[PDB]
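Topology and contacts: notes
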Amino acid sequence: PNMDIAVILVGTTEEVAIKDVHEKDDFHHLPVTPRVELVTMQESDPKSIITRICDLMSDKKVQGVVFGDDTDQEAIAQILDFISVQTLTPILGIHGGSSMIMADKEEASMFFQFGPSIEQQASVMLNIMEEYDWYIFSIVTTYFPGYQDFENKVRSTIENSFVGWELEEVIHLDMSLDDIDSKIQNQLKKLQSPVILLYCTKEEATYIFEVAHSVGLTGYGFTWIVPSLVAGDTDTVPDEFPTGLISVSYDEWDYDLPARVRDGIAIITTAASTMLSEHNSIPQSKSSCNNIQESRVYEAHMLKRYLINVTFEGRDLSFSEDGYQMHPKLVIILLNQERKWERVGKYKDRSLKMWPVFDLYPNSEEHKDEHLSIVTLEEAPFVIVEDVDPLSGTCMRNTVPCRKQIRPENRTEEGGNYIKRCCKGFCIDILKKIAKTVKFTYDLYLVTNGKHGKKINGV
Amino acid sequence: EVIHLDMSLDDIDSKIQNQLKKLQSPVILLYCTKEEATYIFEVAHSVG
Amino acid sequence: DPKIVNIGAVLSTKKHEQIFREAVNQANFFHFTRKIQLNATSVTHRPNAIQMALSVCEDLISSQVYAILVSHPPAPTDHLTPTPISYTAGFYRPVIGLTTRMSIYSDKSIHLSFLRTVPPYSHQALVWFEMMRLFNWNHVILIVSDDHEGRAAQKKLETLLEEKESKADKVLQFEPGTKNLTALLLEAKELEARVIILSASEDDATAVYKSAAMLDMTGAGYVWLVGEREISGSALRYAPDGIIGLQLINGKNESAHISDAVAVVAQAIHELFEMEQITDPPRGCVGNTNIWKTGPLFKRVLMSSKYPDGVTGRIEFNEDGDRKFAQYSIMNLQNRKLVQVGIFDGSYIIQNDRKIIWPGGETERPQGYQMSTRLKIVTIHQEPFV
Amino acid sequence: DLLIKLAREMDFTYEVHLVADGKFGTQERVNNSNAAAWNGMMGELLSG
Ligand SMILES: C[C@@H](CN1CCC(Cc2ccccc2)CC1)[C@@H](O)c1ccc(O)cc1
């Protein structure tokens, strides 16, 4: 059967070079044959959205609605959930306002997005803050529907690891009233942590960064970190955003729009074909708009069980029980000087790779730069070097993550392996006590060849 | 910390509040005149 | 010519719309109008949500309204709640309720610009607190279902009891739709506390009355404190004679809520149009992506409303946007009939000349609620100790 | 013997029971399905 799959595109982008997809015809090995029907939309009003959904539904019997826009409004996304209340259609989020998560949703709704929830993204941010040794941090949350599980997830996550974390105070800001009574500045002036996690929307981040830009909030010592729902589109960059904003996303640069739409069609068609291939009994198609009291009994939640463990092309392209992807292939981007989102990290389900960017995090902005390299040798009593545990991978408390540059002597060919360990001892204690007093950044590493200095021939 | 305030320019660049917001002592001494004390108490009455 | 200002409202039958249009005409007469002219515009509850949203974007939003009212869908069952309707105004930033008894609207995240003038089931719990002061109670048991109303009533009851006074013992939860609930009566009976406070719907309260009735738990010492969903409908013949109940004053036909509603909104318009700016709502929902700049300010004007000489009594809003000084009536089932035994004006509880009858055949409430013996002492396994 | 002394100095009845395993407050630290939790021990006095 030929099932209709409509792709709603909202924005000024020309859809001529977008709707032209050659991944059909020959890619119809399944007994069910889908067909793509892409539509365009200029305005971003709910009346036009519901109008095109009802008229497009009654005109063409569609099954999988793939909504994709490019704005930065989450409320419209909630309206999409309302559409589920009248349709129960597995709506997938690819990019735009529909790319923002929404914790605590309806148990009967079918709102699924490619972006992970706050549990995975929060773990990624805590891993980035854990590798760069960022213990003292701050948390800034607003009235976004889904902050209880965020703060309880951060607290419940830091209370488990043996690393000596430090939590200052989780404050809250109001956006319904402008900063006219001198309160937001009084709540933000108590934040003296080098890393601050922001949890809000874009229109709120413009005002928070607008006040913080006036009240000394941006330079060094006040690094803001936002997830994926704050930045949203990588093509809309205002001006009030300061330099140095750690952001996360999914593929984006790797898989473009036709790739995400093709993957969505593969997930909807595959999940719609597993029930026909296993249960051998599928109901009818979707009804019209207001005719819900008759087709409300034909809906089956068993397809939900097919929307958790989905495989495609070997890769683990599945989801979870909350309606989000379980193991995403996230990409970490960082803002530079010319205001352009450039990739700096590659997070694969678990492991994190930092190849496009070097070990140093900052560059040059007003304030001082560089650091100070410190090298020592494993001298008992003074310098005790201990290997890192495989069940953690990060040193704890005063144990300084001292790297080690070795070269694998493979017969007649050398390489370049970097094994990181944890150094601790008297020298670490005194250098950390005076380092905390004088307040500067440094580094620590060992020697792999040459040992103590001596005389060779005449040098 | 013995801070210093400037009365030549009005508090329009957000500096007097930034200098007076770091005073967490139970007793504060004021060494200036009257027309300046009315402005210091005027801004401090709004800040807290 | 005065400025034509429209007011949105969501009513049910045509008579309520006639009372609304008459209340607007009276609002344009009793109030001094020198530059504004109120307009009456109300719709009906549609059986479908899409047709209702189109009716708002083509009846209410197309007329450029400032305040929007809401009441209750005239349906005997509950399947399509009007809560998503409240999200419509959420896209354009104020909706006032009339008979919305669900406490879900009390939240500020999903319901930002939304205020109601009706006490929900949570406010009744406050009256229950007064009961804890009427006969000096301490140990209470809250039996609620597993949904949002039970968690809201649990956080509300826990918020009210935050000082060094009484506290809550063991809160029991159950899934709405399970009849076999004997374990709740066994574990509830094993506990020393006897004050039972039930707050559920009809089918659940019926199962509590049947399961609690087939185990002989309606004698002396057992107290049943319910609200309004346990002594109305099919759950009335199964309730014991003497159960403490509640009854909201003027439940059906609330013309005073419409008249006082147009009075408060009219006062907020005549008073709001005396400061500066005051933007105008967009025309319809066709190409209107910008929000309303006068949202939290309009909610602030609607919240700061005082009417000590009103029809309902004393109109006053709290910090959350509810109805203060609720007017209820403590009822009691006597001889298969609901006999009025008390009234609640808002501050204290006033008793009439009828004596409260207990389901266990008692007439006077003893001092001690429950006392006995049998103490349970447990210990660990230690060789030199035990 | 202390329980017998406290049982004879006050007019009441008791019932001693042995407790099994679980003598550390039950620290919720093991990852058990990515969900919330609730305090059910620590103090160890309110089971039922
Ligand atoms: C305003 C809300 C989203 N808002 C719009 C959609 C509404 C749900 C709805 C569903 C179906 C039809 C109409 C409406 C739910 C509430 C959100 O942006 C937000 C909350 C808190 C916050 O600090 C920042 C942003």
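What follows is about the overall build of chain A. Counting its regular elements, chain A contains ten helices and 18 strands. Overall size of chain A, expressed as C-alpha extent along the three principal axes, is 90 × 70 × 40 Å. In chain A, the share of contacts with a sequence separation of at least 24, taken over all contacts with a separation of at least 6, comes to 65%.

With that settled, consider the sheet that holds strand β4 (residues 91-93) of chain A. Residue and element names in this part refer to chain A. With respect to topology, five strands assemble into an open sheet ordered β2-β1-β3-β4-β5, the strand pairing being parallel. Two strands in the sheet have a free side with no partner beyond their single neighbour: β2 (33-41) and β5 (111-113). Along the sheet, successive strands turn relative to each other by an average axial angle of 25 degrees, direction set aside. Of the pairings in the sheet, the one linking strand β1 (residues 2-10) to β2 comprises nine bridges and is parallel in character. Bridging from a neighbouring strand, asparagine 2 pairs with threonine 33 of β2.

What follows is about the pairing of strand β12 (residues 341-347) of chain A. Residue and element names in this part refer to chain A. Pairing analysis gives five bridges linking strand β11 (residues 330-335) to β12, with the strands arranged antiparallel. Bridge pairing links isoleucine 333 to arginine 343 in β12. Where β12 lies against strand β13 (residues 352-353), two bridges are found, and the strand directions are antiparallel. Across the sheet, the residue bridging to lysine 346 is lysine 353, located in β13. The hairpin turn running from β12 into β13, its antiparallel successor, is four residues long, and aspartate 349 in that turn takes a positive phi close to 45 degrees.

We now examine the sheet that holds strand β15 (residues 400-402) of chain A. All names here are of chain A. Pairing in this open sheet of three strands is antiparallel, and the strands run β14-β18-β15 from one edge to the other. Edge positions in the open sheet fall to β14 (384-386) and β15, since each of these has one partner strand only. Each adjacent strand pair in this sheet contributes to an overall mean axis angle of 40 degrees, direction not counted.

Now for unusual backbone geometry. All names here are of chain C. A positive phi is found at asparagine 253, a non-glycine position, where the angle reads about 55 degrees. At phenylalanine 325, a position not held by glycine, the phi torsion is positive, near 55 degrees. Within the element layout of this structure, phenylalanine 325 appears in the loop between α9 (296-303) and β10 (328-334).

Contacts between chain C and chain D engage six residues on the former and seven residues on the latter. Pairing analysis gives five bridges linking strand β14 (residues 375-379) of chain C to strand β1 (residues 14-18) of chain D, with the strands arranged parallel. Bridge pairing in β1(D) links C:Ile377 to D:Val16.

On to the arrangement of the chains. Here three pairs of chains make contact, and the pair sharing the most contacts is chains C and D. With no contact formed, the shortest span from any C-alpha in chain A to any C-alpha in chain B equals 7 Å.

All names here are of chain A. Pairing analysis gives five bridges linking strand β10 (residues 246-250) to β11, with the strands arranged antiparallel. Within β11, the residue paired with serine 247 across the bridge is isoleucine 333. The loop that links β11 with its antiparallel partner β12 comprises five residues; one of these, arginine 339, has a positive phi angle of about 55 degrees.

Rules behind the numbers
Residues numbered from 1 in each chain as written, not as in the entry; some residues may be left out. Chains lettered and ligands numbered in written order. Part of a larger assembly, values for the part shown. Heavy atoms only, no water. Residues with missing side-chain atoms left out of burial classes, pairs and counts. Helix = DSSP H or I, 4+ residues; strand = E, 2+ residues; numbered from the N terminus. Contact = heavy atoms within 4.5 Å. Pairing = 2+ DSSP bridges. Axes fitted to C-alpha atoms, helices over the stretch in contact; angles between N-to-C directions.

All we've got here are geometric facts, nothing functional implied.
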